[PDB]
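Participant: The following block contains the structure, expressed as structure tokens.
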Amino acid sequence: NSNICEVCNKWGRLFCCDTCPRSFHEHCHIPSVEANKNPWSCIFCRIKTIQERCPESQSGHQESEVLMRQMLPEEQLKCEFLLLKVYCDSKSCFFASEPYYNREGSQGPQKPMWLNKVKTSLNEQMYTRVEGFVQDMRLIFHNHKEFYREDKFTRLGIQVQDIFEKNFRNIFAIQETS
Ligand SMILES: [Zn+2]
Ligand SMILES: [Zn+2]
Ligand SMILES: [Zn+2]
């Protein structure tokens, strides 16, 4: 097994996957690493199994059909994995916890949003469709863009949104376009 957390790249109290060499902090894994379960398989391994059981699940899909999917167990898992892929980027730190807004010449967003909130919302089964999750995720980056205006700090929202969007297209097998 790896000697660092796959998500945050630090050592510590790690839980190892039984079917691949990754390791995780307890609350870095999404969902949080399960109390018992021997053997234990990480989210990466669980996502891989879905594809292997249904190879046609990798054929291209339209984003509009994906978004209307109900949050059955497989879609819940895919949204967890997508959220975890964002936490994997170190720039996710800026969007993890509850923000506050007091900058001359700017007003805060009407609906603040942050990664840990989305994580709670997933854990508590508050999203009934894929669209709910993806809307909250895109709202994080849109609020950041609007608030920071012409400050160069706006770029951090563009960068983390790009990680989100590439992983969304991969995980949900969105049809490739020009
Ligand atoms: Zn970690
Ligand atoms: Zn694994
Ligand atoms: Zn199949």
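Naming works like this for the structure tokens: A, B, ... for the chains as they're shown, residue 1 at the start of each chain, ligands 1 onward in shown order.
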Which residues are close to residue 59 of chain A, i.e. within 8 Å by only C-alpha atoms, leaving aside same-chain residues fewer than 3 positions away? Reply as a list in words.

Facilitator: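 What passes the distance filter is residues 56, 173 and 175 of chain A.
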
Participant: Pick out each residue of chain A that DSSP on the backbone tags as helix (DSSP H, G or I); I need them as a ChimeraX atom specification.

Facilitator: /A:43-53,55-58,63-67,73-87,90-96,115-123,130-148,154-171

Participant: Residues at most 12 Å from residue 51 of chain A, counting only C-alpha atoms, excluding those fewer than 4 positions away in the same chain, as a PyMOL selection string?

Facilitator: chain A and resi 44-47+55-59+74+78+170-173

Participant: Taking only C-alpha atoms and all ligand atoms and a cut-off of 6 Å, can you tell me which residues surround ligand 1, written as a PyMOL selection string?

Facilitator: chain A and resi 5+7-8+10+24-25+28

Participant: Restricting it to N, CA and C atoms, dump the selection as a CSV table (one decimal), in the first residue's frame.

Facilitator:
chain,number,residue,atom,x,y,z
A,5,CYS,N,-1.8,9.4,2.2
A,5,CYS,CA,-3.3,9.6,1.7
A,5,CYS,C,-3.3,10.0,0.2
A,7,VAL,N,-5.7,11.4,-1.3
A,7,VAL,CA,-6.4,12.7,-1.5
A,7,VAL,C,-5.6,13.9,-1.2
A,8,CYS,N,-5.0,13.9,0.1
A,8,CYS,CA,-4.3,15.1,0.6
A,8,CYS,C,-2.8,14.9,0.6
A,10,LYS,N,-0.6,13.5,2.5
A,10,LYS,CA,0.1,13.5,3.8
A,10,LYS,C,0.0,12.1,4.4
A,24,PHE,N,-5.9,6.0,2.6
A,24,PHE,CA,-6.8,7.2,2.9
A,24,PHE,C,-6.8,7.5,4.4
A,25,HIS,N,-6.8,8.8,4.7
A,25,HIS,CA,-7.3,9.3,5.9
A,25,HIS,C,-8.8,8.9,6.0
A,28,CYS,N,-10.9,11.8,4.5
A,28,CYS,CA,-10.4,12.2,3.2
A,28,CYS,C,-11.2,11.2,2.2

Participant: Pick out the closest residue to ligand 3 from this set: A:92, A:38, A:3, A:49. Count only C-alpha atoms and all ligand atoms.

Facilitator: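 Using only C-alpha atoms and all ligand atoms, the shortest distance to ligand 3 belongs to A:49.
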
Participant: Just want the residues within 12 Å of ligand 2, written as a PyMOL selection string, counting only C-alpha atoms and all ligand atoms.

Facilitator: chain A and resi 1-2+6+15-24+29+33+39-49

Participant: Write a file of the just-selected residues containing N, CA, C and O atoms, as a short mmCIF file (atom, residue, chain, number, x, y, z; two decimals), in the first residue's frame.

Facilitator:
data_model
loop_
_atom_site.label_atom_id
_atom_site.label_comp_id
_atom_site.auth_asym_id
_atom_site.auth_seq_id
_atom_site.Cartn_x
_atom_site.Cartn_y
_atom_site.Cartn_z
N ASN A 1 0.85 -1.23 0.00
CA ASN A 1 0.00 0.00 0.00
C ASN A 1 0.87 1.26 0.00
O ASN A 1 2.02 1.23 0.44
N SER A 2 0.31 2.35 -0.51
CA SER A 2 0.95 3.66 -0.45
C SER A 2 1.05 4.11 1.03
O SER A 2 0.20 3.76 1.85
N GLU A 6 -4.21 9.28 -0.51
CA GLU A 6 -4.35 9.51 -1.93
C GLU A 6 -4.92 10.89 -2.23
O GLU A 6 -4.62 11.40 -3.28
N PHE A 15 -6.01 4.20 6.31
CA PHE A 15 -6.72 2.98 6.06
C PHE A 15 -6.39 2.50 4.66
O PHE A 15 -6.49 3.27 3.69
N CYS A 16 -5.99 1.25 4.53
CA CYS A 16 -5.56 0.74 3.26
C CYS A 16 -6.65 -0.02 2.54
O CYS A 16 -7.53 -0.66 3.17
N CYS A 17 -6.61 0.09 1.21
CA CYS A 17 -7.60 -0.59 0.38
C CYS A 17 -7.12 -2.01 0.25
O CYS A 17 -5.94 -2.21 0.05
N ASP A 18 -8.04 -2.97 0.23
CA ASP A 18 -7.62 -4.38 0.06
C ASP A 18 -7.46 -4.82 -1.38
O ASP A 18 -6.74 -5.77 -1.67
N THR A 19 -8.07 -4.11 -2.30
CA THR A 19 -8.01 -4.47 -3.68
C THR A 19 -7.19 -3.59 -4.54
O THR A 19 -7.14 -3.81 -5.73
N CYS A 20 -6.59 -2.54 -3.99
CA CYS A 20 -5.62 -1.75 -4.76
C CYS A 20 -4.64 -1.17 -3.74
O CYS A 20 -4.91 -1.23 -2.60
N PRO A 21 -3.54 -0.56 -4.19
CA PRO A 21 -2.54 -0.02 -3.25
C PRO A 21 -2.80 1.37 -2.62
O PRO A 21 -2.01 1.83 -1.81
N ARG A 22 -3.90 2.01 -2.93
CA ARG A 22 -4.19 3.29 -2.23
C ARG A 22 -4.47 3.23 -0.76
O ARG A 22 -4.99 2.26 -0.24
N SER A 23 -4.20 4.35 -0.08
CA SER A 23 -4.56 4.52 1.32
C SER A 23 -5.22 5.86 1.54
O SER A 23 -4.95 6.77 0.74
N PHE A 24 -5.93 6.00 2.65
CA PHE A 24 -6.76 7.17 2.94
C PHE A 24 -6.78 7.52 4.38
O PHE A 24 -7.00 6.68 5.26
N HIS A 29 -11.34 9.97 2.48
CA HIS A 29 -12.21 9.07 1.69
C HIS A 29 -13.60 9.60 1.73
O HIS A 29 -14.07 10.17 2.70
N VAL A 33 -14.31 6.33 5.76
CA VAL A 33 -13.89 4.92 5.67
C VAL A 33 -14.75 4.12 6.67
O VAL A 33 -15.02 4.58 7.79
N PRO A 39 -12.67 -7.99 3.42
CA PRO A 39 -11.85 -6.89 2.94
C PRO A 39 -12.64 -5.56 2.69
O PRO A 39 -13.88 -5.55 2.60
N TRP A 40 -11.88 -4.46 2.59
CA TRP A 40 -12.43 -3.13 2.26
C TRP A 40 -11.93 -2.70 0.91
O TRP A 40 -10.77 -2.88 0.56
N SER A 41 -12.84 -2.17 0.10
CA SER A 41 -12.47 -1.68 -1.24
C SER A 41 -12.84 -0.14 -1.28
O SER A 41 -13.91 0.22 -0.83
N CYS A 42 -11.82 0.64 -1.67
CA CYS A 42 -11.93 2.10 -1.83
C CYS A 42 -12.85 2.44 -3.00
O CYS A 42 -13.12 1.66 -3.90
N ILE A 43 -13.30 3.70 -3.01
CA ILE A 43 -14.12 4.25 -4.08
C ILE A 43 -13.57 4.08 -5.48
O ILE A 43 -14.30 3.86 -6.41
N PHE A 44 -12.25 4.22 -5.67
CA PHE A 44 -11.65 3.98 -6.96
C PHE A 44 -11.94 2.56 -7.47
O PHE A 44 -12.31 2.35 -8.63
N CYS A 45 -11.84 1.64 -6.52
CA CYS A 45 -12.05 0.19 -6.84
C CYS A 45 -13.53 -0.04 -7.14
O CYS A 45 -13.86 -0.74 -8.14
N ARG A 46 -14.40 0.60 -6.36
CA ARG A 46 -15.86 0.46 -6.57
C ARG A 46 -16.31 1.04 -7.88
O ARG A 46 -17.14 0.43 -8.54
N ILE A 47 -15.75 2.18 -8.30
CA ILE A 47 -16.05 2.77 -9.60
C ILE A 47 -15.59 1.85 -10.76
O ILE A 47 -16.28 1.66 -11.74
N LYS A 48 -14.41 1.31 -10.61
CA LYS A 48 -13.83 0.38 -11.60
C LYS A 48 -14.75 -0.86 -11.77
O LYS A 48 -15.05 -1.26 -12.89
N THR A 49 -15.26 -1.38 -10.68
CA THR A 49 -16.19 -2.56 -10.75
C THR A 49 -17.46 -2.28 -11.57
O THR A 49 -17.96 -3.17 -12.33
#

Participant: If you measure from atom CA of residue 34 of chain A to atom CA of residue 123 of chain A, what distance in Å do you get, rounded to one decimal?

Facilitator: 13.0 Å

Participant: Find, counting only C-alpha atoms, the residue in A:178, A:94, A:81, A:168 that gets nearest to residue 61 of chain A.

Facilitator: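 Of A:178, A:94, A:81, A:168, the one nearest residue 61 of chain A is A:168, counting only C-alpha atoms.
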
Participant: Restricting the calculation to only C-alpha atoms, which member of A:99, A:36, A:84, A:106 is positioned closest to residue 150 of chain A?

Facilitator: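 Distance minimum relative to residue 150 of chain A lands on A:106.
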
Participant: Find the spatial neighbours of residue 66 of chain A, counting only C-alpha atoms, within a cut-off of 8 Å - ignore same-chain residues fewer than 3 positions away - and output them as a list in words.

Facilitator: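 Counting only C-alpha atoms, the residues come to residues 61, 62, 63, 69, 130, 131 and 172 of chain A.
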
Participant: Using N, CA and C atoms, can you export the residues from the last selection as a PDB file, in the first residue's frame?

Facilitator:
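File out-v4.pdb, as written:
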ATOM      1  N   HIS A  61     -22.634   9.782 -23.393  1.00  0.00           N
ATOM      2  CA  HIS A  61     -23.926  10.213 -22.910  1.00  0.00           C
ATOM      3  C   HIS A  61     -24.082  11.683 -23.089  1.00  0.00           C
ATOM      4  N   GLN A  62     -25.339  12.143 -23.129  1.00  0.00           N
ATOM      5  CA  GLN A  62     -25.600  13.551 -23.161  1.00  0.00           C
ATOM      6  C   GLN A  62     -25.683  14.091 -21.722  1.00  0.00           C
ATOM      7  N   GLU A  63     -25.072  15.249 -21.538  1.00  0.00           N
ATOM      8  CA  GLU A  63     -25.079  15.846 -20.174  1.00  0.00           C
ATOM      9  C   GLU A  63     -26.496  16.047 -19.647  1.00  0.00           C
ATOM     10  N   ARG A  69     -30.838  12.083 -14.066  1.00  0.00           N
ATOM     11  CA  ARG A  69     -30.820  10.828 -13.369  1.00  0.00           C
ATOM     12  C   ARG A  69     -31.129  10.972 -11.888  1.00  0.00           C
ATOM     13  N   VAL A 130     -28.863  13.855  -9.960  1.00  0.00           N
ATOM     14  CA  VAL A 130     -27.515  14.299 -10.267  1.00  0.00           C
ATOM     15  C   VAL A 130     -27.427  15.818 -10.421  1.00  0.00           C
ATOM     16  N   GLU A 131     -28.421  16.433 -11.061  1.00  0.00           N
ATOM     17  CA  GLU A 131     -28.509  17.843 -11.284  1.00  0.00           C
ATOM     18  C   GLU A 131     -28.317  18.683  -9.993  1.00  0.00           C
ATOM     19  N   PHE A 172     -18.881  10.289 -15.777  1.00  0.00           N
ATOM     20  CA  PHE A 172     -20.248  10.057 -16.282  1.00  0.00           C
ATOM     21  C   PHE A 172     -20.194   9.786 -17.785  1.00  0.00           C
TER      22      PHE A 172
END

Participant: Quick one: residues within 10 Å of segment 154-160 of chain A, only C-alpha atoms counted, chain neighbours fewer than 5 positions away excluded, as a ChimeraX atom specification?

Facilitator: /A:86-87,89-92,94-95,138,140-149,165

Participant: Please determine, counting only C-alpha atoms and all ligand atoms, which residue among A:65, A:50, A:4, A:26 has the shortest atom-to-atom distance to ligand 3.

Facilitator: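 Of A:65, A:50, A:4, A:26, the one nearest ligand 3, counting only C-alpha atoms and all ligand atoms, is A:50.
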
Participant: Could you pull out the strand (DSSP E or B) residues of segment 8-143 of chain A from DSSP and send them as a PyMOL selection string?

Facilitator: chain A and resi 15-16+23-24+61+70+129

Participant: Dump N, CA, C and O atoms for the selected residues as a compact mmCIF listing (two decimals), in the first residue's frame?

Facilitator:
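So part.txt came out as:
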# COMPACT_ATOMS: atom_id res chain seq x y z
N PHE A 15 -6.01 4.20 6.31
CA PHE A 15 -6.72 2.98 6.06
C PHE A 15 -6.39 2.50 4.66
O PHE A 15 -6.49 3.27 3.69
N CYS A 16 -5.99 1.25 4.53
CA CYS A 16 -5.56 0.74 3.26
C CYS A 16 -6.65 -0.02 2.54
O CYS A 16 -7.53 -0.66 3.17
N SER A 23 -4.20 4.35 -0.08
CA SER A 23 -4.56 4.52 1.32
C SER A 23 -5.22 5.86 1.54
O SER A 23 -4.95 6.77 0.74
N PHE A 24 -5.93 6.00 2.65
CA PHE A 24 -6.76 7.17 2.94
C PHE A 24 -6.78 7.52 4.38
O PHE A 24 -7.00 6.68 5.26
N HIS A 61 -22.63 9.78 -23.39
CA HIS A 61 -23.93 10.21 -22.91
C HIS A 61 -24.08 11.68 -23.09
O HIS A 61 -23.12 12.44 -23.20
N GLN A 70 -32.00 10.10 -11.37
CA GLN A 70 -32.19 9.95 -9.99
C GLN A 70 -30.96 9.44 -9.28
O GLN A 70 -30.19 8.60 -9.81
N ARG A 129 -31.50 14.08 -7.51
CA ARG A 129 -31.00 13.91 -8.85
C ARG A 129 -29.57 14.41 -9.01
O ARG A 129 -29.13 15.27 -8.26
